[PDB]
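Any read-out appearing in this document is the output of simple, stated calculations on the displayed coordinates, not a laboratory observation. Reconstructed Cβ throughout: ideal geometry from the backbone, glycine too, with neighbour counts over all protein chains shown.
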Amino acid sequence: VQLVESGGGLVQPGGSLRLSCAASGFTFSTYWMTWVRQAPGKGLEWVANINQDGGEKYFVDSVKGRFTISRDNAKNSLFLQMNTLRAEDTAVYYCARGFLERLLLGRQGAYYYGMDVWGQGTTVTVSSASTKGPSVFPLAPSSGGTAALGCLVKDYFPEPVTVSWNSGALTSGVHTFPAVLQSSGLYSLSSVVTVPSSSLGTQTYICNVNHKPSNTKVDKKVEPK
Amino acid sequence: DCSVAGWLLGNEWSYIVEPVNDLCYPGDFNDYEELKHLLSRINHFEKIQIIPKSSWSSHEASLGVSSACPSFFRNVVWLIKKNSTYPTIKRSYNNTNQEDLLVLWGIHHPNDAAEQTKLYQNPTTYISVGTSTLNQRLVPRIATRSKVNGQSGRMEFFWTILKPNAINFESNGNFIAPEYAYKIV
Amino acid sequence: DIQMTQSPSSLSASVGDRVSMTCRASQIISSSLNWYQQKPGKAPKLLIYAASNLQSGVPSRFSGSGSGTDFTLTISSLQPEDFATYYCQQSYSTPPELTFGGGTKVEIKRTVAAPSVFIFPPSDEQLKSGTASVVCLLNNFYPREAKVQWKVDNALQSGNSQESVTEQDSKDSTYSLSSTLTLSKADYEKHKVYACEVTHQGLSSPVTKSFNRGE
């Protein structure tokens, strides 16, 4: 039971895009589908719903008529075309599946909805023209057996950027800082990690920097000078 | 306390009917607002046993209980499979009482497909309730649902006022049969 | 359109206290509401379905109650693993429209721990690019009342650096901030010593980390 959202990227204001949510694990034709978006740093906002049979689909009023939602039970996937994207549509889009009961708890009952399986979600930053890849730089180590050294990705746009260490081998002590918006308009962040200084010269370390919107995968190793 | 649904299932001349503890198993009562409106101007109400408790010769009703219910409803019977076979039930009853009778019934929705086989054996089942003024055929739906009131199952109940002289029941699986009925006047 | 109002927005309690939040509605929504937990940077997770009923996988600490207008979500004993934002979703108009309410963020209060300070010089590959940037790094501390002052050749530089702090950790509930001071290659090679002075509550004396540009 896994959901995978795909189709995010940088869309110029006034353009169009299409999201792709693929289902895997559960019977897809027997459950409703729901898109939910989350503005950067803000709460969750609902987007759309689709019935089991692709003939009944409600909308979120604020974006009503802006874009349609379709599905294909054969290919086991859910679509979400987008048209005329405003600046307020820049958000992370989540794809979730939920069953629609009609339970009667209490005196009188209405419809009950509950989404239980959620996807990873694809960030859909919709702003003016920009698409600068990252420039990963290294950081040399210097306390009491503990040493720190982490790569820094600066002057990149847009978000996000995934930082893995040793191809995802080491995971404890990793600190990936949030992005910082520079003056020129390019994000920048640093990702460090602490390791025992005894194993500093023995085991090699290489950060895996991945920028999905720039199609640039840089994997540089941290070499202590 | 108990609501109209819980009172009729079992969890006075007056025109006034006064968030309680109702419905063990999660579900809904079809045409709930219509049944409450008929009980406002209730002149006489009484319960008389209908289809027999021991009538289920090839079906077991001693195992029909839910841990989220604490047992099962007293007015209805939860029929489970006996041994390793679930033969199609063909039970019918004709109203022999002079007053009007109210017969209810329910259909249980399983959690997943493995439970459907473990309880009612037959994969594709149905429940056909026939009367002099209705012709219904209910097919149970199977889907993974979030747990409500303890469990993830579901039960959809129905009802119909019966005139003197017949309700015909036919179900091949997932059927909550009635044991007692209500006679209204 | 149904309107949901959850309160309070922010929250802070020590590990082991009893935290509770409310989510009111502008219309009688019966018991048709849901609770969600979203870890920072992750996907929301179903916690409570229709007020009191629970979903598999949720620990026994969480519990919801309410009926009709406003409802309440209460945590038994708050654990450091429960640091997340908690939303409430409508369900009364499930066929037509459900409205998520502004979630109630939960933060953990701990004992003041001293930060581990580290300083990093600019990369040699960055000097070939044209610019220079030296970043100061702190790891595992509390609270966020840390003040980082950049000093170059015993001269406090101001307005030439930016700070970035990580979210509260899930295990030890400690912060980690980094102060990146970006300059030019011409201004970098003009001086030879760069320092990072840290003034924090958990330190009796302000810590200072310096180095030499050459060695």
Considering only residues that are in contact with a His (Cβ under 9 Å, 6 or more places away or on another chain) and among the charged types (D, E, K, R), look in segment B:109-162 and name the one that is nearest to B:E33 (Cα to Cα).
B:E156
So A:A96 clears everything in (1) touching a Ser or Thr at 6+ places or on another chain (Cβ under 7 Å); (2) farther than 26 Å from C:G41 by Cα; (3) buried (at least 20 other Cβ atoms within 10 Å of the Cβ); (4) not acidic (D, E) except one condition, right? Which one?
(2)
Of all residues in segment C:175-201, count the ones that are in contact with a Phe, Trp or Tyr (Cβ under 8 Å, 6 or more places away or on another chain), away from chain A (no Cβ under 14 Å) and closer than 18 Å to C:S116 by Cα.
2
Restrict the check to segment C:147-157 and report whether at least one residue is more than 10 Å from every other protein chain (Cβ to nearest Cβ), under 19 Å from the mean Cα position of the chain (by Cα) and of a type in the set (D, E, K, R).
yes
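Within 14 Å of chain C (Cβ to nearest Cβ) and in contact with an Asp or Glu (Cβ under 8 Å, 6 or more places away or on another chain) - does that describe any residue in segment B:150-158?
yes
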Filtered residues of segment B:5-34 (kept if more than 15 Å from B:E156 (Cα to Cα) and either crowded, with 17+ Cβ neighbours inside 10 Å or within 12 Å of the chain's Cα centre (by Cα) (or both)):
B:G10, B:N11
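Condition test on A:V193, is it among the hydrophobic types (A, V, I, L, M, F, W, C), closer than 24 Å to A:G121 by Cβ and assigned to a strand (DSSP E or B)? Show your work before the answer.
Working: among the hydrophobic types (A, V, I, L, M, F, W, C): yes; closer than 24 Å to A:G121 by Cβ: no; assigned to a strand (DSSP E or B): yes.
The answer is no for A:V193.
Select, from A:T176, A:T194, the only residue that is more than 22 Å from A:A91 (Cβ to Cβ), at the interface with another protein chain (Cβ under 9 Å from one of its Cβ atoms) and of a type in the set (V, I, T).
A:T194
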Being within 12 Å of another protein chain (Cβ to nearest Cβ) and surrounded by 15 or more Cβ atoms within 10 Å (Cβ to Cβ), is that true of even one residue in segment B:87-109?
yes
Scanning segment C:42-67 for residues that are out of contact with any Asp or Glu (no Cβ under 8 Å at 6 or more places or on another chain), in a loop (DSSP other than H, G, I, E, B), more than 7 Å from every other protein chain (Cβ to nearest Cβ) and not hydroxyl-bearing (S, T, Y) gives C:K42, C:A51, C:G57, C:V58, C:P59
Just one of the numbered conditions (1) of a type in the set (D, E, K, R); (2) within 14 Å of another protein chain (Cβ to nearest Cβ); (3) within 15 Å of the chain's Cα centre (by Cα); (4) surrounded by fewer than 18 Cβ atoms within 10 Å (Cβ to Cβ) is not true of B:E170; which one?
(2)
Inside segment B:1-25, the number of residues satisfying the requirement of being among the hydroxyl-bearing types (S, T, Y) and within 22 Å of C:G68 (Cβ to Cβ) is 1
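Any idea which of A:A74, A:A48 is within 22 Å of C:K45 (Cβ to Cβ) and aliphatic (A, V, I, L, M)?
Going through A:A74, A:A48 in turn, the sole match is A:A48.
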Does segment C:92-106 include one or more residues that are away from every other protein chain (no Cβ under 14 Å), among the basic types (K, R) and either buried (at least 18 other Cβ atoms within 10 Å of the Cβ) or within 29 Å of A:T194 (Cα to Cα) (or both)?
no
Restricting to segment B:57-106, what's the tally of residues that are of a type in the set (S, T, Y), farther than 26 Å from B:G27 by Cα and part of a loop (DSSP other than H, G, I, E, B)?
4
Extreme residue, farthest from the other protein chains (Cβ to nearest Cβ), among residues of segment A:142-153 that are crowded, with 20+ Cβ neighbours inside 10 Å and out of contact with any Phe, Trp or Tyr (no Cβ under 6 Å at 6 or more places or on another chain)
A:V153
When A:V163 is run through (1) in contact with an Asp or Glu (Cβ under 9 Å, 6 or more places away or on another chain); (2) more than 30 Å from B:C24 (Cα to Cα); (3) part of a strand (DSSP E or B), the failure sits at (1)
